[PDB]
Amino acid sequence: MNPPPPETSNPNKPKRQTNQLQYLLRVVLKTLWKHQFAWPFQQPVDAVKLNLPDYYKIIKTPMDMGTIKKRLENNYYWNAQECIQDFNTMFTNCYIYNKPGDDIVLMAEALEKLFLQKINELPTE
């Protein structure tokens, strides 16, 4: 059964736009989105649809690139490190819910490498 998805707006949280956050949307997220292994990570896990009633019994801080995309579009984040933390949470959730060698884990591993390649150098202020 599904919890509400993570928030993509929060009016008591201050917003910011930075060159690095713009890059995280235009380059990092929008490029990873197109990778052949991106599809599991483009939306919150629908545990009812996928018949994973344990998913949210294990994963307590869910995160996905659909949520990240919407947060970037809303200027939800204060800085690039906050957004990077959401990507890292998404990858780590996959490793936590699954185990080494699983197909979904191989997909996350490849996407994580591409993510790190792209954030290795960010634009400056």
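Numbering starts at 1 and follows the sequence shown.
Higher mean CA B-factor, judged across 100-108 and 8-16 from the recorded values: 8-16. Relative to its counterpart among 68-76 and 36-44, 68-76 has the higher mean temperature factor, C-alpha atoms as listed in the PDB entry. Among all modelled residues in this chain, the alpha-carbon of residue 84 has a temperature factor (C-alpha) in the lowest third. When the modelled residues of the chain are ordered by C-alpha B-factor, residue 94 sits in the lowest third.
The deposited CA B-factor of residue 63 belongs to the lowest third of values across its chain.
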